[PDB]
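Asks: The sequence shown begins at 1 in the authors' numbering and counts up one residue at a time. Backbone N, C-alpha and C fix where the C-beta goes; we use that ideal spot for every residue, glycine too.
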Amino acid sequence: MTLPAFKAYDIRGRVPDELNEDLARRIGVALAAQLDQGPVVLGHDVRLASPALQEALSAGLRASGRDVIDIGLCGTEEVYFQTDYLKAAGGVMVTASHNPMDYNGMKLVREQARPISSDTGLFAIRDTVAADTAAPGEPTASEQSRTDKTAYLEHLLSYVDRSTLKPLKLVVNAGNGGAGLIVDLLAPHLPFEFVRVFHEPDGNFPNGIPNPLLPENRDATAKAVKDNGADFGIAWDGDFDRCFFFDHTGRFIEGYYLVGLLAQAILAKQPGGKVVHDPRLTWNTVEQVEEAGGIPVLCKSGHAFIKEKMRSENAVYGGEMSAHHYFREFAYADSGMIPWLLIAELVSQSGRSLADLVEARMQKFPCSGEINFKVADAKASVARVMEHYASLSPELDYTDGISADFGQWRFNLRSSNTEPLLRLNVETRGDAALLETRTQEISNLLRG
Ligand SMILES: O=P([O-])(O)O[C@H]1O[C@H](COP(=O)(O)O)[C@@H](O)[C@H](O)[C@H]1O
Ligand SMILES: [Ca+2]
C-alpha cells in the first residue's frame, strides 16, 4: 500500500505504527531534497511526543546538510511566520491538532511559508520516505535555538492602533494548548483585562484535548464569559491557528460571520483590497466585503487554494467559515492571534459589542452550520439531491463540489479533502423557516 499518515494537506497518524522517529528522520531527509537552498525552521506543539519527532526531523535535515532553526514550543503560525521572516527554505510544525493521545503529525511549508501538499511535494516526500532504506548519515549542518519572539509579537501588534484600544475584559481559553504563552507575551502591550481559563500548557490535557467546537469544551468559555461579565471570549485549538469567539452573552459565534466581520476590519486599513472567501457560505461575505469597499474573490475551500488565490490576487485577507483566517502581511498565512486583536480593536473603536457587530448579519443570512453525512455512496447521494431540485432550475457552480443558488436560498454540498464525508451548508435570505425546511429536506435525501 502507501503510508497512511501522508494526507492531502499534512502528515498525521498514530504513533508508532503510522508515524515514529524513524519515519520523521526519513521525512527530514526527503524534505531537504525538495526545498530550495536555505535553513529549515522547526517547531512543535504541547503533545508529549512532539519534541522527539522534531529532534528526528532535525537529525535527518542536518544529515542532509540543512541548517536547522529550532523555534521550540510554539504555535503553527510561528513556524509560518519565522519561515518567512528568516527567509528560510522551509519549515515544519510538529502538531497533533485534536487527534487522539497516541497520534501526532506535521505541517510542512517551503519558502515564504507556501504550503507543501499532496500534489505539491508531500506525496513526493512520501514516496521517497517509502523507498528509503539508506543508513542514517551523520550531521553535516548545525542547529540553532531561536527563542526570540520579538519580531513575531511586533508583527501581531502592528495590526491594531494600540492607542485606540479600550480596557476590555476578555476571557482567553488556551484549552491547555499553547496559546497562553503568546497571550501573556502580548498582555504587557495591551490594556485588556484577561480572564485566563485552562491557561497552562499541559500535553496531558487534564481538561480534554483542545477542541472548542465540542459542546462541553465550548461551554467552559461561555461560562467564564457570563460569570465574569466579559466583553467577549476567545478560545483556541491546541496549536492556536484556529480561534473561536464568544459574545458577551456567552453565545458562540458561528465562524461564517467572522469572515465578513474581519474583512470589514481589514478593509478599513487596506482600502479597495481583495478578500478571498470559500464557496460553502458566501452571501454575507460578498455583501460585507462590498459594503466596506473591497472586492470578494470566490475560491475553492482549503488553505492551499485560498493562499494561492490570495497571492495571485494580492488579496489582503482570506477567510474560511471553519475558523481559518489568512493575512497577506503575515506571509499569506493563517493566524489564530491576528483575528482577536482585530476584533478587540473593532469593539474598542466602534463602541459596539461583538454581539451587535454580528446580530443583524446573522438574521439577514442565517445558515445551517456545516452538517456532515457519512453515507454508503456519496456520488449517488449527491445525485439524489440534484435530481430532486432539478425542476427548480437553480444556478449551479462547481468551484468546490456543487453550489446551487435558488434565489432566496442556496446550498453547497462537498466531499471533504480531509475525511471521506459529505459536508452540507445551507443559507437563506433572512428566512429561518426556509432554512430549516430546506436543510431537513436535503438531509432526508442524503440519508436515503
Ligand atoms: O481542519 P484543519 O485545521 O486541518 O484545516 C484543513 O481542513 C479544513 C477542512 O477541509 P475539508 O472541509 O475538505 O474537510 C480546510 O477548510 C482547511 O483550509 C484545511 O487547512
Ligand atoms: Ca490547529
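Report the start-end ranges of each alpha helix (DSSP H) in the stretch 113–141 that is 4 residues or longer and not cut off at the edges.
Replies: Segments of the alpha helix (DSSP H) lying fully in the stretch 113–141: 123–131.
Asks: Return yes when the C-beta of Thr76 is under 8 Å from any heavy atom of ligand 2, and no when it is not.
Replies: As a position in the sequence shown, residue 76 is number 76, starting the count at 1. Yes, the beta carbon of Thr76 sits closer than 8 Å to at least one heavy atom of ligand 2.
Asks: Can you tell me whether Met362 is helix, strand or coil according to DSSP?
Replies: Translated into the one-based positions of the sequence shown, residue 362 becomes position 362. Note: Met362 maps to helix in three-state DSSP.
Asks: Taking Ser353 as part of the beta strand (DSSP E), name the residues at either end of that continuous run.
Replies: For this step, residue 353 is matched to residue 353 along the sequence shown. Here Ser353 belongs to no beta strand (DSSP E), and DSSP marks it neither H nor E.
Asks: Pull up the distance between the alpha-carbon of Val297 and that of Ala376, whole angstroms please.
Replies: Position 297 of the sequence shown holds residue 297. Position 376 of the sequence shown holds residue 376. Taking the straight line joining both Cα atoms gives about 34 Å.
Asks: Report the residue from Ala63, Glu154 and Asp405 whose alpha carbon sits nearest the alpha carbon of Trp283.
Replies: Numbered from 1 along the sequence shown, position 283 holds the residue referred to as residue 283. Comparing Cα-Cα distances from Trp283 to each of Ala63, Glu154 and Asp405, the minimum goes to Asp405.
Asks: Tell me whether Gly238, by its Cβ, gets closer than 8 Å to a heavy atom of ligand 2.
Replies: Residue mapping note: residue 238 aligns to position 238 of the sequence shown, counting from 1. True, at least one ligand heavy atom lies under 8 Å from that Cβ.
Asks: Who pairs with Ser415 in a beta bridge, going by DSSP?
Replies: Working through the sequence shown from its first residue, we reach residue 415 at position 415. Answer is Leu422, bridged to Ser415.
Asks: Is any non-hydrogen atom of ligand 2 found closer than 8 Å to the C-beta of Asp10, if you look at the structure I gave you?
Replies: Start at 1 with the first residue of the sequence shown, and residue 10 comes out as number 10. The answer is no for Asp10.
Asks: Which parts of the stretch 67–115 are runs of the beta strand (DSSP E), unbroken and 3 residues or longer, counting only runs that do not cross its ends?
Replies: 68–73, 90–94 and 103–109
Asks: In the structure shown, what three-state DSSP assignment does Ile253 receive?
Replies: The residue labelled residue 253 in the question sits at position 253 within the sequence shown. In the structure shown, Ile253 sits in coil (DSSP, three-state: anything other than H, G, I, E or B).
Asks: Near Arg26, which residues of its chain fall below 7 Å by C-beta distance, leaving aside the five closest residues on each side in sequence?
Replies: Position 26 of the sequence shown, counted from the start, is the residue given in the question as residue 26. Closer than 7 Å at Cβ, skipping near neighbours: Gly60, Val129 and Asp132.
Asks: Go ahead and label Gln288 buried or exposed: buried means 16 or more other beta carbons lie within 10 angstroms of its beta carbon, across all protein chains shown.
Replies: Numbered from its first residue, the sequence shown carries residue 288 at position 288. Classification for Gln288: buried.
Asks: Could you check if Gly175 belongs to the surroundings of ligand 1, using beta carbon to heavy atom distance under 8 Å?
Replies: Taking the sequence shown and counting its residues from 1, the one referred to as residue 175 is at position 175. The answer is no for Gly175.
Asks: How would you call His303, buried or exposed, if buried means at least 16 neighbouring beta carbons within 10 angstroms?
Replies: As a working mapping, residue 303 is identified with position 303 in the sequence shown. Result: buried.
Asks: Tell me where the alpha helix (DSSP H) around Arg146 begins and ends.
Replies: If you number the sequence shown from 1, residue 146 lands on position 146. First-last for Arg146: undefined, no H or E at that position.
Asks: Classify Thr164 as buried or exposed, calling it buried when 16 or more other Cβ atoms lie within 10 Å of its own Cβ.
Replies: If you number the sequence shown from 1, residue 164 lands on position 164. So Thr164 counts as exposed.
Asks: Does DSSP put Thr437 in a helix, a strand or coil?
Replies: The residue given as residue 437 occupies position 437 in the sequence shown. Here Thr437 sits in helix by DSSP.
Asks: Do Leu341 and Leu261 have their CB atoms nearer than 9 Å?
Replies: The count along the sequence shown starts at 1 and reaches residue 341 at position 341. The count along the sequence shown starts at 1 and reaches residue 261 at position 261. Going by C-beta atoms, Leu341 is not nearer than 9 Å to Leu261.
Asks: Could you name the residues of the same chain whose beta carbon sits closer than 6 Å to that of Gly65, not counting the 5 residues immediately before and after it, in chain order?
Replies: As a first step, residue 65 is located in the sequence shown; it is residue number 65 there, counting from the start. Non-local beta-carbon contacts of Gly65 in its own chain, meaning distances under 6 Å to residues more than five positions away in sequence, involve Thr140 and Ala141 in chain order.
Asks: Bridge partners of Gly233, per DSSP?
Replies: As a first step, residue 233 is located in the sequence shown; it is residue number 233 there, counting from the start. Paired residue(s): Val171 and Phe246.
Asks: Going by C-alpha to C-alpha distance, which of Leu35, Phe198 and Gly105 sits closest to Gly233?
Replies: Here the question's residue 233 lines up with position 233 in the sequence shown. Nearest option by C-alpha distance: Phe198.
Asks: Return the chain-ordered list of same chain residues with a C-beta closer than 7 Å to the C-beta of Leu281, the five sequence neighbours on each side being excluded.
Replies: To locate residue 281, count along the sequence shown from 1; it is residue 281. Excluding its 5 nearest sequence neighbours in each direction, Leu281 has C-beta neighbours in its own chain below 7 Å: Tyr256, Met321, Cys367, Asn425 and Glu427, listed in chain order.
Asks: With hydrogens ignored, establish whether the beta-carbon of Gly319 is closer than 8 Å to any heavy atom of ligand 1.
Replies: Walking along the sequence shown from the start, residue 319 turns up at place 319. No; taking the cut-off as 8 Å, the Cβ of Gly319 has no heavy atom of ligand 1 nearer than that.
Asks: Going by C-alpha distance, which of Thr150, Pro339 and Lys166 is nearest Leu190?
Replies: Position 190 of the sequence shown, counting from 1, holds the residue named residue 190. Of the candidates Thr150, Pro339 and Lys166, the one whose C-alpha sits nearest the C-alpha of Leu190 is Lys166.
Asks: Please go through the stretch 373–404 and give each complete alpha helix (DSSP H) segment of 4 or more residues, from N-terminal end onward.
Replies: 378–389
Asks: To which residues of the same chain is residue 452 closer than 7 Å at the C-beta, ignoring the five residues directly before and after it?
Replies: Residue coverage of the chain in this structure runs from 1 to 448, which leaves residue 452 outside it and unanswerable.
Asks: So, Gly319 versus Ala230, is the Cβ gap smaller than 9 Å?
Replies: The sequence position of residue 319 within the sequence shown is 319, counting from 1. The sequence position of residue 230 within the sequence shown is 230, counting from 1. It is not a contact, given that the beta carbons lie outside the stated cut-off.
Asks: Give the DSSP bridge partners of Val195, in chain order.
Replies: Within the sequence shown, the letter at position 195 stands for residue 195. Bridge partners of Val195: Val171.
Asks: What separation, rounded to the nearest whole angstrom, lies between the Cα atoms of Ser301 and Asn176?
Replies: Counting from one through the sequence shown, the residue named residue 301 turns up at place 301. Counting from one through the sequence shown, the residue named residue 176 turns up at place 176. Answer to the nearest angstrom: the Cα atoms are 29 Å apart.
Asks: Among residues of its own chain, excluding the 5 on either side of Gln37, which ones have a beta-carbon nearer than 7 Å to its beta-carbon?
Replies: On the sequence shown, residue 37 is found 37 positions in, with the first residue counted as 1. Closer than 7 Å at Cβ, skipping near neighbours: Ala89.
Asks: Thinking C-alpha only, which one of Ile306, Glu21 and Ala315 is nearest residue 465?
Replies: A query on residue 465 cannot be resolved here, the shown segment of the chain reaching from 1 to 448 and no further.
Asks: Counting Cβ pairs, one atom from each stretch, are 3 or more of them under 8 Å apart for the stretch 378–395 and the stretch 238–251?
Replies: no
Asks: When DSSP labels each residue in this structure, what does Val160 get in the three-state scheme?
Replies: By 1-based counting over the sequence shown, the position of residue 160 is 160. Note: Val160 maps to coil in three-state DSSP.
Asks: So what's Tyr332 in DSSP terms, helix, strand or just coil?
Replies: Walking along the sequence shown from the start, residue 332 turns up at place 332. Coil at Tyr332, not helix or strand.
Asks: Using CA atoms only, rank isn't needed, just tell me which of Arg114, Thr437 and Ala134 is closest to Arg311.
Replies: Against the sequence shown, residue 311 aligns to sequence position 311. Among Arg114, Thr437 and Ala134, the Cα nearest to that of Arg311 belongs to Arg114.
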